[PDB]
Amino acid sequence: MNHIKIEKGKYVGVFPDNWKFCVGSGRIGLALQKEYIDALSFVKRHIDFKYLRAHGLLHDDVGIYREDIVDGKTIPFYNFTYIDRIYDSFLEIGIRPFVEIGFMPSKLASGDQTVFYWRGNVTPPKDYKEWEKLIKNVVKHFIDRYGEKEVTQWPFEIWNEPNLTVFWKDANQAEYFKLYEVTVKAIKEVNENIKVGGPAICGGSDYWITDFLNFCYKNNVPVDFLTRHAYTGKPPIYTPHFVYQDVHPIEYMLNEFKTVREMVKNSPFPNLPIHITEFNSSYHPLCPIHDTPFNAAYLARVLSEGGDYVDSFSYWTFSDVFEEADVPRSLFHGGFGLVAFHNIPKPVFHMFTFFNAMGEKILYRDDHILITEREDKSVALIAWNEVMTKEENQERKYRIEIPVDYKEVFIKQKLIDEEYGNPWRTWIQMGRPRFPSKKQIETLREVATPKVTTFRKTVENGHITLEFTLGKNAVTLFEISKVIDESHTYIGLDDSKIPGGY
C-alpha cells in the first residue's frame, strides 16, 4: 500500500530546524553531576541543540539567594558559585540556557507549599521589592560574567505552569500576572534587549493565553514570545514503582500547536514566537512508555510538522538524569530522557538523529513520512509507524518512485523497531536488573544502535523505486545518492580471483 510518486523538481513547503532549537533537562542543580555533563556532551555530539531548558534556577541547591544578618537587619547575598559553574559548563559544550525563572527561594517564600521530591517552593514572594532586587542582581551578574552580546541571546520565561495549583499557590492568575510584571520589568531594566516571555501554562487552560496577552497589551508589559507545554497522557494510575498512562493519538498534540498559533494571531501581538518549552507523550518521570520503540515512532511526526506552527518545541528531557520523583530505582524506569544512564540511547534518541539527514526542500509529506531534498543532490526520508493498540493495523508498506538524474544509485537505510535498537527489550530479557554490571551495561550499548543496511541499485528509466515495510513502532531513514564508480581506475580488478566464491 501507500504508493508515492515524487515529481521531478517539484516542492511543497520547507523543513526548518526548529526541531533542534532547544531541549529540556532535569533541574539545573543536577547539571553539577558528572553523569549529567557526560550525557549532555554525548547528546551534543549527535544533535546540535541550541538551548537547554530546566526548572529550578533559583532553587536552594544552586544556592543563589541567601541572607546575612548584620546587627538586627538582614541583608541579601547573591551566591553565584554554582550557577557560574553550570552556565560555564553549558557554553563550553555549546548550548545556551533557555532560562526559566523559578521557583521560589525558601527565604523569600510566602508559604510552605512545595512541588516535587526536591521541594521547590511555589508560593509568591513575601516582598516583590526583595524579589525585584534578586532578579536584577542575577541578571547583571550574568551580563558581567558573560557579556551583553551573549546574554541577550538567552531567553527568559517567567515561572512554570502557573495554571496548576501544584505549581503556583491557588493557581492564582492575578498574582501570576503581577509576578510576571515585576520580573520582566526588572529584567528589561538591566538590559532591554533581553527577550522575555511566558506564561508557560500546561495544556487545558488555554484561556490563560488570551488573558495573559491582553494583560500585557493593556498595561504596556513586555512580552517577546509565548510558551506553553503539551503532553498527550490520559489520566494515570499509580504504583509505588510506576505511573501508567494511556496517550491520545499524536494528532492531538499537533492540533494544540496549530490552535495556539492561531490564538496569538488574534492577539494584539500577532507575531509572538511560540516556544513549546516542554513536550512528551506521557508526563511522568516514572512511566515506562518513554523507554519504548513506540515512543520514538509516536513522537516522530512532531519533529516532522511541529515547526509549521511553533518556533520551538523542546523534548523533555535529554537525559534520565532527573530527580522530580526521587532517585531512579532502575536503569530503565520511565524517565523522560533521550538517553538512559551510562549514555545508553533509547529509541527516541535515534529517531531524533534521523532528522539530521533532512534537507530544507520538502519533496513530499503526509501523516507518517517526510521526504526532503538536500542541497547537495541527495534525497532523504524518514517514515514511522506507531501502533498504539494490539489490535489496530500493525504494518505499513511503502513503494516510492523517486526520479534521479544518475545511472548508479547508493542507498543507506537506518532502522529502529522492537527488534533493532531497543535495549529495553534486551534488558527485560536480562532479568530487568535494577543495578546492572559493567558487562551488562555494555551489551545494552551494543544493541542500542540502529540497524544500518546499504544497497547499490543501477537504475531503470530515470527513477528509483524503494520498497520496504515497517513493522510495529518502527522509524526508518533512507539516504539516496549518486555513485561515481571508480572501479575502472583499478587496473586488473577482478573479484572472481579472490578465494571465497566472489
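The numbering used is simple: start at 1 and walk along the sequence shown.
Item checked: Residue range whose averaged C-alpha B-factor is higher in the record, 93 to 101 or 200 to 208 -> Averaging CA B-factors over each stretch, the winner is 200 to 208.
Next item on the list: Between 320 to 328 and 388 to 396, name whichever shows the higher mean Cα B factor according to the PDB entry.
Entry: Mean CA B-factor is higher for 388 to 396.
Item checked: Candidate set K265, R425, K414, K346 [ranked by C-alpha B-factor, highest] -> It is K265.
Margin query: Looking at the C-alpha B-factor values in the deposited entry, which of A297, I276, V379, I75 comes out highest?
Written below: Largest recorded C-alpha B-factor: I75.
Checklist line | Third assignment of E446 from its chain's C-alpha B-factors | finding: Ranked within chain, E446 CA B lands in the lowest tercile.
Check: Thinking about Cα B factors across the chain, which third does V302 belong to?
Finding: Middle third, going by the recorded CA B-factors of the chain.
Check: Lowest, middle or highest third of the chain for the C-alpha temperature factor of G462?
Finding: Its C-alpha B-factor belongs to the highest third of this chain's values.
Note to self: What third of the chain does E192 rank in for C-alpha temperature factor, lowest, middle or highest?
What the structure shows: As the PDB entry reports it, the C-alpha B-factor of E192 lands in the highest third of its chain.
Margin query: Among the modelled residues of this chain, does the Cα B factor of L57 put it in the lowest, middle or highest third?
Written below: Tercile = middle for this residue's CA B-factor.
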